[PDB]
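Asks: Sharing my_file.cif here; it has mmCIF, C-alpha atoms.
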```
data_run
loop_
_atom_site.group_PDB
_atom_site.id
_atom_site.type_symbol
_atom_site.label_atom_id
_atom_site.label_comp_id
_atom_site.auth_asym_id
_atom_site.auth_seq_id
_atom_site.Cartn_x
_atom_site.Cartn_y
_atom_site.Cartn_z
ATOM 1 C CA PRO A 165 -7.044 -36.338 25.064
ATOM 2 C CA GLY A 166 -4.612 -39.157 24.365
ATOM 3 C CA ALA A 167 -1.833 -38.594 21.861
ATOM 4 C CA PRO A 168 0.819 -41.351 21.867
ATOM 5 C CA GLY A 169 3.752 -39.555 20.257
ATOM 6 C CA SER A 170 2.846 -35.967 21.138
ATOM 7 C CA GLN A 171 5.346 -33.659 22.820
ATOM 8 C CA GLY A 172 6.570 -35.270 26.024
ATOM 9 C CA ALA A 173 9.629 -34.100 27.915
ATOM 10 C CA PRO A 174 11.347 -31.413 25.802
ATOM 11 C CA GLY A 175 14.750 -32.540 24.609
ATOM 12 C CA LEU A 176 17.617 -31.643 26.930
ATOM 13 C CA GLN A 177 21.183 -32.952 26.758
ATOM 14 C CA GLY A 178 20.096 -36.162 25.058
ATOM 15 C CA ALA A 179 23.589 -37.067 23.838
ATOM 16 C CA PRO A 180 26.038 -35.548 26.332
ATOM 17 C CA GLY A 181 29.715 -35.959 25.557
ATOM 18 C CA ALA A 182 32.962 -35.220 27.367
ATOM 19 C CA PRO A 183 36.338 -33.536 26.844
ATOM 20 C CA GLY A 184 39.200 -35.985 26.525
ATOM 21 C CA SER A 185 42.648 -35.527 28.062
ATOM 22 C CA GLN A 186 42.740 -31.844 29.009
ATOM 23 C CA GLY A 187 46.485 -32.137 29.648
ATOM 24 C CA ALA A 188 48.614 -30.123 32.050
ATOM 25 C CA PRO A 189 51.892 -28.185 31.707
ATOM 26 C CA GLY A 190 54.231 -30.619 33.439
ATOM 27 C CA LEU A 191 57.260 -29.160 31.686
ATOM 28 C CA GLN A 192 60.089 -26.655 32.102
ATOM 29 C CA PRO B 165 -6.277 -37.532 20.078
ATOM 30 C CA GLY B 166 -4.324 -34.411 21.011
ATOM 31 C CA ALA B 167 -1.962 -32.478 18.746
ATOM 32 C CA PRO B 168 -0.128 -35.034 16.566
ATOM 33 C CA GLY B 169 3.648 -34.808 16.429
ATOM 34 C CA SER B 170 3.882 -32.094 19.077
ATOM 35 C CA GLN B 171 7.270 -33.255 20.389
ATOM 36 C CA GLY B 172 9.915 -30.545 20.256
ATOM 37 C CA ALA B 173 13.143 -32.556 20.417
ATOM 38 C CA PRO B 174 15.862 -29.875 20.247
ATOM 39 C CA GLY B 175 18.706 -32.333 19.774
ATOM 40 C CA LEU B 176 21.299 -29.548 19.998
ATOM 41 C CA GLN B 177 24.087 -28.824 22.463
ATOM 42 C CA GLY B 178 23.034 -31.390 25.070
ATOM 43 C CA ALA B 179 26.599 -32.505 25.674
ATOM 44 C CA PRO B 180 29.147 -29.674 25.525
ATOM 45 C CA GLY B 181 29.650 -28.984 29.205
ATOM 46 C CA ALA B 182 33.188 -28.624 30.467
ATOM 47 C CA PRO B 183 34.918 -27.136 27.395
ATOM 48 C CA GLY B 184 38.603 -26.577 26.806
ATOM 49 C CA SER B 185 41.276 -28.683 25.119
ATOM 50 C CA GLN B 186 44.596 -27.443 26.488
ATOM 51 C CA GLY B 187 46.582 -30.660 26.977
ATOM 52 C CA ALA B 188 49.331 -28.387 28.258
ATOM 53 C CA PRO B 189 52.511 -30.061 26.978
ATOM 54 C CA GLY B 190 54.986 -30.906 29.707
ATOM 55 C CA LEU B 191 57.797 -33.405 30.318
ATOM 56 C CA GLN B 192 61.264 -31.985 29.452
ATOM 57 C CA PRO C 180 -5.499 -24.589 29.931
ATOM 58 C CA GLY C 181 -3.262 -26.110 27.267
ATOM 59 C CA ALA C 182 0.313 -27.246 27.860
ATOM 60 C CA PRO C 183 3.346 -24.937 28.184
ATOM 61 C CA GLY C 184 5.833 -27.227 26.482
ATOM 62 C CA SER C 185 9.361 -26.168 27.417
ATOM 63 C CA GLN C 186 9.871 -22.714 28.906
ATOM 64 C CA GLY C 187 13.246 -23.685 30.352
ATOM 65 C CA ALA C 188 16.066 -26.201 30.143
ATOM 66 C CA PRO C 189 17.284 -27.321 33.584
ATOM 67 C CA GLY C 190 21.003 -27.857 34.045
ATOM 68 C CA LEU C 191 24.176 -25.901 33.375
ATOM 69 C CA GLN C 192 27.600 -26.279 31.778
ATOM 70 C CA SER D 185 -2.051 -45.473 25.565
ATOM 71 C CA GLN D 186 0.986 -43.273 26.316
ATOM 72 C CA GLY D 187 4.050 -44.780 24.594
ATOM 73 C CA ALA D 188 6.865 -42.279 25.116
ATOM 74 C CA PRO D 189 10.642 -42.579 25.391
ATOM 75 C CA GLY D 190 12.610 -39.590 26.626
ATOM 76 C CA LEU D 191 15.634 -38.039 28.291
ATOM 77 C CA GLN D 192 18.979 -39.724 28.952
#
```
Rewrite the coordinates I just gave you, this time as structure tokens.
Replies:
Amino acid sequence: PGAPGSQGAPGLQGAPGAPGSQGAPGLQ
Amino acid sequence: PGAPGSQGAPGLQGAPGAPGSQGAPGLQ
Amino acid sequence: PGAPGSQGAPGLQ
Amino acid sequence: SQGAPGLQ
């Protein structure tokens, strides 16, 4: 029955990141 | 004692959400 | 029964 | 008994 270390919650996201400065065309 | 080492850690993606790196140059 | 491990990944992009 | 990390 017990199994310390067996499959728990399947890995999702885990190490999410993020885009940096997406910028915007404030020019012309 | 269940199934040893059953964890299925994907460890992929899990971070790339909002994509896009435009940094639309401006100023001028 | 056994244990359906991960038949889906909740979330989105 | 148990002994799991997980998630964010």
Asks: Mind checking which residues fall within 9 Å of residue 188 of chain C, counting all atoms listed in the file, ignoring those fewer than 3 positions away in the same chain, and posting them as a ChimeraX atom specification?
Replies: /A:174-176 /C:185,191
Asks: As a ChimeraX atom specification, could you give me every residue of chain C near chain A (at most 10 Å apart, counting only C-alpha atoms)?
Replies: /C:182,184-190
Asks: Chain A least-squares fit onto chain B, all C-alpha atoms in order: RMSD in Å?
Replies: 4.1 Å
Asks: Let me know the residues the PyMOL selection byres ((chain D) within 6 of (chain A)) catches in the file above, as a list in words.
Replies: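 With the shown file as input, the PyMOL selection byres ((chain D) within 6 of (chain A)) matches residues 186, 187, 191 and 192 of chain D.
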Asks: Need the axis-aligned box for segment 180-191 of chain C with 8 Å each side, so what are the centre and edges in Å to one decimal, as AutoDock Vina command-line options?
Replies:
```
--center_x 9.3 --center_y -25.3 --center_z 30.3 --size_x 45.7 --size_y 21.1 --size_z 23.6
```
